[PDB]
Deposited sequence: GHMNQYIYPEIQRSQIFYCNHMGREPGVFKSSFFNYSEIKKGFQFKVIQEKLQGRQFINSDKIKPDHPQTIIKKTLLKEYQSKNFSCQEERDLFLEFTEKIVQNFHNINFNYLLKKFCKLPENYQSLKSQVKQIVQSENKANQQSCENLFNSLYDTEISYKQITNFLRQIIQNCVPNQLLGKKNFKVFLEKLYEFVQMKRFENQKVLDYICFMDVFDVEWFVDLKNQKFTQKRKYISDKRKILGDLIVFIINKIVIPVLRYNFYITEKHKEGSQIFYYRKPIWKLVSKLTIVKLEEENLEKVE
């Protein structure tokens, strides 16, 4: 047995921080790590070459446009921003209608997934996971978004639909590939899992966390909703004026 690294999906929830311009954090490797299951020292350099290849294309990604295209602020946002710019010893009902408009602005699972897929396809090279495996990875992203609170994914359900032979940059020490490949699959699946974790944990999740406030409603059960960071800043700021209530 091999226990794959955990996908941390609890990170996407309840992030209040707005960072001005989009494109994740300053703490992320994207702005200014772990090698284990790799064979020899050569694979580690090949992985490091993809990572620096990855961060460069990331800066070429325009998050302002990709958001606009996919996950879009409401057309009344300016009016919503204006109405919260008011109220700051009255305001009782009108705020209730103002909260109903802000929470109305949730972003659909398909929207979020199309956004994520667009980020990954631009950010992550197709040669990293291999052509067919990269396609399997992108398809599985909708389930990741759609899934409720406390619902998670396992790397086990990723790799099992993939092929380790689709990865061309994996290296073969002293040729075990065609001799015993039950072993080769066993060793390389450990690396492929680390790559899947890498994309999801260090890219997909921090993108979602940073740009969106993800939570669940009391009335909606464990089902989760994606709110735009600016929208939630309005909500958060409209809750603060309720300090009196």
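Enquirer: Since the structure holds only modelled residues, which stretches of the deposited sequence does it leave out?
Expert: Unmodelled stretches, in sequence order: 1-4, 37-79, 136-139, 297-303.
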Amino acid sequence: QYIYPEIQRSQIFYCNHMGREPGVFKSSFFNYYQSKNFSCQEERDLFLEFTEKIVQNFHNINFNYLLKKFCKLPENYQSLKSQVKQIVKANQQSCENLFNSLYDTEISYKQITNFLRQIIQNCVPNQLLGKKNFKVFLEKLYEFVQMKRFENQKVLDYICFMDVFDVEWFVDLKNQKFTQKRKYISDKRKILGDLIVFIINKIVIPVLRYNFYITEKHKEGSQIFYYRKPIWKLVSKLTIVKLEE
From here on, numbers count along this sequence of modelled residues.
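Enquirer: Mean C-alpha B factor from the entry: is it higher for 170-178 or for 69-77?
Expert: Looking at the record's C-alpha B-factors, the answer is 170-178.
Enquirer: For the higher mean C-alpha B factor in the entry, choose 132-140 or 110-118.
Expert: Taking the mean B-factor of the alpha carbons in each, 132-140 is higher.
Enquirer: Based on what the PDB entry reports, which of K26, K202, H218, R209 has the top C-alpha B-factor?
Expert: Of the candidates given, the C-alpha B-factor peaks at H218.
Enquirer: Among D104, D157, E96, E151, where is the Cα B factor highest in this entry?
Expert: Of the options given, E96 has the highest CA B-factor in the PDB entry.
Enquirer: Split the chain's modelled residues into thirds by Cα B-factor; is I185 in the lowest, middle or highest one?
Expert: Its C-alpha B-factor belongs to the highest third of this chain's values.
Enquirer: Within this chain, which third does the Cα B-factor at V145 fall in: lowest, middle or highest?
Expert: For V145, whose C-alpha B-factor we compare with every modelled residue in the chain, the answer is the lowest third.
Enquirer: Would you check the entry's CA temperature factor for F50 and let me know if it's in the chain's lowest, middle or highest third?
Expert: CA B-factor rank for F50: highest third.
Enquirer: Ranking every modelled residue in this chain by its Cα temperature factor as given in the entry, which third contains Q83?
Expert: It belongs to the lowest third of the chain when residues are ordered by C-alpha B-factor.
Enquirer: Thinking about Cα B factors across the chain, which third does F63 belong to?
Expert: Middle third - that is where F63 ends up once the chain's C-alpha B-factors are sorted.
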